[PDB]
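J.: File name model-v1.cif; file contents mmCIF, C-alpha atoms; full text below.
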data_entry
loop_
_atom_site.label_atom_id
_atom_site.label_comp_id
_atom_site.auth_asym_id
_atom_site.auth_seq_id
_atom_site.Cartn_x
_atom_site.Cartn_y
_atom_site.Cartn_z
CA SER U 1 0.62 -44.66 35.01
CA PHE U 2 -1.70 -44.59 31.88
CA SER U 3 -4.16 -47.45 31.69
CA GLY U 4 -6.98 -48.52 29.38
CA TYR U 5 -5.74 -46.70 26.27
CA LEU U 6 -6.13 -47.98 22.74
CA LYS U 7 -2.88 -47.75 20.76
CA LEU U 8 -3.41 -45.91 17.47
CA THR U 9 0.23 -45.66 16.35
CA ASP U 10 3.81 -46.17 17.78
CA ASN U 11 3.33 -43.06 19.94
CA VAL U 12 -0.36 -42.08 19.99
CA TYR U 13 -2.84 -43.61 22.44
CA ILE U 14 -6.52 -42.79 22.97
CA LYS U 15 -9.11 -43.34 25.72
CA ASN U 16 -12.73 -42.26 26.31
CA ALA U 17 -12.09 -40.37 29.52
CA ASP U 18 -12.56 -37.09 31.28
CA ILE U 19 -9.07 -35.47 31.09
CA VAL U 20 -9.54 -33.96 34.60
CA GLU U 21 -10.24 -37.41 36.05
CA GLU U 22 -7.35 -38.90 34.06
CA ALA U 23 -5.01 -36.17 35.33
CA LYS U 24 -6.09 -36.67 38.97
CA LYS U 25 -5.50 -40.42 38.66
CA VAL U 26 -2.22 -40.42 36.76
CA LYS U 27 -0.66 -37.09 37.96
CA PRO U 28 1.27 -37.01 34.64
CA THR U 29 4.37 -34.91 34.09
CA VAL U 30 2.41 -32.88 31.51
CA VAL U 31 -1.27 -32.29 31.00
CA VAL U 32 -2.16 -30.25 27.91
CA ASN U 33 -4.77 -27.55 28.15
CA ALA U 34 -6.86 -26.48 25.15
CA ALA U 35 -6.08 -22.82 25.80
CA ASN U 36 -6.93 -19.59 24.06
CA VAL U 37 -4.34 -16.81 23.53
CA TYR U 38 -5.48 -14.93 26.65
CA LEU U 39 -5.34 -18.04 28.88
CA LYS U 40 -8.96 -17.32 29.86
CA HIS U 41 -10.07 -20.75 30.96
CA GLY U 42 -13.81 -20.37 30.66
CA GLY U 43 -15.16 -23.49 29.08
CA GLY U 44 -14.40 -26.79 27.42
CA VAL U 45 -11.25 -28.55 28.60
CA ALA U 46 -9.75 -25.27 29.90
CA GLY U 47 -12.76 -24.45 32.08
CA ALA U 48 -12.80 -27.99 33.45
CA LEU U 49 -9.04 -28.11 34.19
CA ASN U 50 -9.14 -24.68 35.77
CA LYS U 51 -12.15 -25.56 37.97
CA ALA U 52 -10.31 -28.74 39.12
CA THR U 53 -7.41 -26.49 40.29
CA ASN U 54 -9.88 -24.35 42.32
CA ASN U 55 -9.06 -21.42 39.92
CA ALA U 56 -5.33 -21.55 40.75
CA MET U 57 -4.64 -22.18 37.03
CA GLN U 58 -6.51 -18.96 36.15
CA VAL U 59 -4.69 -16.89 38.78
CA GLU U 60 -1.31 -18.15 37.57
CA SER U 61 -2.38 -17.60 33.94
CA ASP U 62 -3.42 -13.99 34.61
CA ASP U 63 0.04 -13.32 36.05
CA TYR U 64 1.63 -14.97 32.96
CA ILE U 65 -0.44 -12.75 30.62
CA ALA U 66 0.27 -9.62 32.66
CA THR U 67 4.01 -10.30 32.23
CA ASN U 68 4.16 -11.70 28.70
CA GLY U 69 1.06 -10.72 26.80
CA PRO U 70 -1.07 -13.16 24.86
CA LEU U 71 0.16 -16.34 23.25
CA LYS U 72 0.14 -16.80 19.49
CA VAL U 73 -2.48 -19.07 17.88
CA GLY U 74 -0.43 -22.26 17.37
CA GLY U 75 1.77 -21.42 20.39
CA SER U 76 2.08 -22.63 23.93
CA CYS U 77 3.49 -21.99 27.36
CA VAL U 78 4.44 -24.27 30.22
CA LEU U 79 2.87 -23.41 33.55
CA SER U 80 2.23 -25.36 36.75
CA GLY U 81 0.01 -28.42 36.62
CA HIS U 82 -1.21 -27.58 40.17
CA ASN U 83 -2.96 -30.63 41.68
CA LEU U 84 -3.40 -32.28 38.27
CA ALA U 85 0.09 -32.73 36.89
CA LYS U 86 3.69 -31.50 37.30
CA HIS U 87 3.15 -29.04 34.40
CA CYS U 88 0.35 -27.82 32.26
CA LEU U 89 1.28 -27.16 28.65
CA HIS U 90 -1.24 -24.54 27.51
CA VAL U 91 -1.54 -24.97 23.77
CA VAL U 92 -3.60 -22.71 21.53
CA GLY U 93 -5.16 -24.51 18.60
CA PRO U 94 -7.00 -22.37 16.02
CA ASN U 95 -10.59 -21.64 16.94
CA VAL U 96 -12.60 -22.17 13.77
CA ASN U 97 -15.59 -20.31 15.43
CA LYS U 98 -13.28 -17.23 15.37
CA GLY U 99 -12.23 -17.84 11.70
CA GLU U 100 -8.68 -18.81 12.69
CA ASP U 101 -6.52 -20.65 10.11
CA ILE U 102 -6.96 -24.45 10.52
CA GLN U 103 -3.41 -24.86 9.13
CA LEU U 104 -2.19 -23.55 12.52
CA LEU U 105 -3.41 -26.86 14.06
CA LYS U 106 -0.18 -28.55 12.91
CA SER U 107 1.87 -25.76 14.56
CA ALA U 108 -0.19 -26.22 17.75
CA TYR U 109 0.55 -29.99 17.85
CA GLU U 110 4.28 -29.35 17.27
CA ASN U 111 4.43 -27.95 20.83
CA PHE U 112 3.82 -31.51 22.08
CA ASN U 113 7.18 -32.61 20.65
CA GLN U 114 9.02 -30.67 23.37
CA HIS U 115 7.67 -33.18 25.99
CA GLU U 116 8.48 -36.86 26.13
CA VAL U 117 5.02 -37.84 27.31
CA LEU U 118 1.77 -35.92 27.61
CA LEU U 119 -1.86 -36.41 28.61
CA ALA U 120 -3.85 -34.28 26.13
CA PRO U 121 -7.14 -33.49 24.53
CA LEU U 122 -7.66 -33.22 20.73
CA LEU U 123 -6.70 -29.69 19.82
CA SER U 124 -9.25 -27.40 18.21
CA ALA U 125 -12.02 -29.99 18.82
CA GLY U 126 -15.19 -29.27 20.85
CA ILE U 127 -15.98 -25.60 21.30
CA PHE U 128 -12.97 -24.67 19.12
CA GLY U 129 -15.05 -25.89 16.16
CA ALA U 130 -12.62 -27.99 14.14
CA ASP U 131 -13.39 -31.50 12.88
CA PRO U 132 -12.05 -33.88 15.60
CA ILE U 133 -11.32 -36.58 12.98
CA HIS U 134 -9.05 -34.08 11.22
CA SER U 135 -7.51 -33.06 14.60
CA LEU U 136 -6.62 -36.70 15.34
CA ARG U 137 -5.06 -37.10 11.88
CA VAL U 138 -2.94 -33.95 12.40
CA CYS U 139 -1.98 -35.23 15.85
CA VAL U 140 -0.78 -38.59 14.55
CA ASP U 141 1.05 -36.98 11.63
CA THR U 142 2.74 -34.29 13.78
CA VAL U 143 3.42 -35.53 17.30
CA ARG U 144 6.39 -37.87 17.66
CA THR U 145 6.47 -38.00 21.47
CA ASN U 146 4.13 -40.21 23.53
CA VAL U 147 0.69 -38.67 23.61
CA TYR U 148 -2.22 -40.10 25.58
CA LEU U 149 -5.40 -38.58 24.23
CA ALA U 150 -8.44 -38.30 26.48
CA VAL U 151 -11.71 -37.90 24.52
CA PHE U 152 -14.59 -36.99 26.84
CA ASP U 153 -17.51 -37.74 24.50
CA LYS U 154 -18.11 -41.57 24.10
CA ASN U 155 -19.88 -41.20 20.73
CA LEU U 156 -16.98 -39.08 19.42
CA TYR U 157 -14.42 -41.54 20.84
CA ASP U 158 -16.20 -44.41 19.01
CA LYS U 159 -16.32 -42.41 15.75
CA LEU U 160 -12.61 -41.47 16.07
CA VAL U 161 -11.51 -45.09 16.64
CA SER U 162 -13.82 -46.59 13.94
CA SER U 163 -12.73 -44.05 11.31
CA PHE U 164 -8.99 -44.07 12.14
CA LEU U 165 -6.91 -44.75 9.08
#
Would you kindly transcribe this structure into structure tokens?
T.:
Amino acid sequence: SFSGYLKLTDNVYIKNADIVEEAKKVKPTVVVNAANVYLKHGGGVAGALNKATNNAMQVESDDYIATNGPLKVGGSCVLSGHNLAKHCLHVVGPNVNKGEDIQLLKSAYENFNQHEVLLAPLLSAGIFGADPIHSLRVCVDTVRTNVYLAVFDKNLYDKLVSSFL
């Protein structure tokens, strides 16, 4: 199970780790993907998770979109976790580089509450353009289930821990 995490609150844990490597090690019930509404897993966490599945995540996602259409910003869907996890919860945080409403970040984190425990990245961080310090604050103030946050960037991990209120 999860090891080497720093406890931030009753239910939020954080580690400087590559979420793909964490998923391969732990094989959690749920790994969260930082998805976009089209489930096009090109870059960031999504590109890395998809590449670790040998593109099986993308093939499955294209079938999901063909059947259901795009997700909403703030929404999610549960798909297979492939070799990484039992399930992948694809969650769409607002992409600030697309001018999406940052208030939808709370709605995005609410999807985590449908799962008792999750391995996840900070939503809307990285290439999604939001402030990761703000994303962590929204996470802690929204998610009530057990969330194990993997932050890839060491300098960002250090800044997140040292600034955590």
J.: For the structure provided, state which residues fall under the PyMOL selection byres ((chain U and resi 150) around 8), and present them as a list in words.
T.: residues 14, 15, 16, 17, 18, 19, 22, 119, 120, 121, 122, 148, 149, 151 and 152 of chain U
J.: Would you save the residues of that selection, restricted to C-alpha atoms, as a CSV table (one decimal), in the frame of the given file?
T.:
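Final output, saved to again-v4.csv:
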chain,number,residue,atom,x,y,z
U,14,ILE,CA,-6.5,-42.8,23.0
U,15,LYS,CA,-9.1,-43.3,25.7
U,16,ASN,CA,-12.7,-42.3,26.3
U,17,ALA,CA,-12.1,-40.4,29.5
U,18,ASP,CA,-12.6,-37.1,31.3
U,19,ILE,CA,-9.1,-35.5,31.1
U,22,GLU,CA,-7.4,-38.9,34.1
U,119,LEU,CA,-1.9,-36.4,28.6
U,120,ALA,CA,-3.8,-34.3,26.1
U,121,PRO,CA,-7.1,-33.5,24.5
U,122,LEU,CA,-7.7,-33.2,20.7
U,148,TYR,CA,-2.2,-40.1,25.6
U,149,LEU,CA,-5.4,-38.6,24.2
U,151,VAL,CA,-11.7,-37.9,24.5
U,152,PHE,CA,-14.6,-37.0,26.8
J.: So how far away is CA of residue 139 in chain U from CA of residue 105 in chain U, in Å?
T.: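 It comes out at 8.7 Å.
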J.: CA of residue 81 in chain U and CA of residue 55 in chain U, how far apart in Å?
T.: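 One can read the CA of residue 55 in chain U to CA of residue 81 in chain U distance as 11.9 Å.
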J.: Return as a list in words the set of residues that the PyMOL selection byres ((chain U and resi 98) around 12) yields on the displayed structure.
T.: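 On the file shown, the PyMOL selection byres ((chain U and resi 98) around 12) covers residues 36, 73, 93, 94, 95, 96, 97, 99, 100, 101, 102, 124, 127, 128, 129 and 130 of chain U.
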J.: Report, in Å to a single decimal, how far apart CA of residue 154 in chain U and CA of residue 89 in chain U are.
T.: 24.6 Å
J.: So what does the PyMOL selection byres ((chain U and resi 11) around 9) actually pick up in this one, as an NGL selection string?
T.: :U and (7-10 or 12-13 or 140 or 143-148)
J.: Which residues come within 9 Å of residue 132 in chain U, counting all atoms listed in the file, excluding same-chain residues fewer than 3 positions away, as a ChimeraX atom specification?
T.: /U:122-126,129,135-137,156,160
J.: Which of these residues is nearest to residue 46 in chain U, using only C-alpha atoms: U:103, U:58, U:113, U:163?
T.: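 Closest to residue 46 in chain U, using only C-alpha atoms: U:58.
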J.: Taking all atoms listed in the file into account, which of U:47, U:76, U:88, U:24 comes nearest residue 60 in chain U?
T.: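 Among the listed residues, U:88 lies closest to residue 60 in chain U.
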J.: Check the smallest atom-to-atom distance from each of U:153, U:42, U:57, U:133 to residue 85 in chain U using only C-alpha atoms, then report the winner.
T.: U:57
J.: Of the residues U:40, U:72, U:51, U:159, which is the one nearest to residue 108 in chain U, using only C-alpha atoms?
T.: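 Checking each of U:40, U:72, U:51, U:159 against residue 108 in chain U, counting only C-alpha atoms, the winner is U:72.
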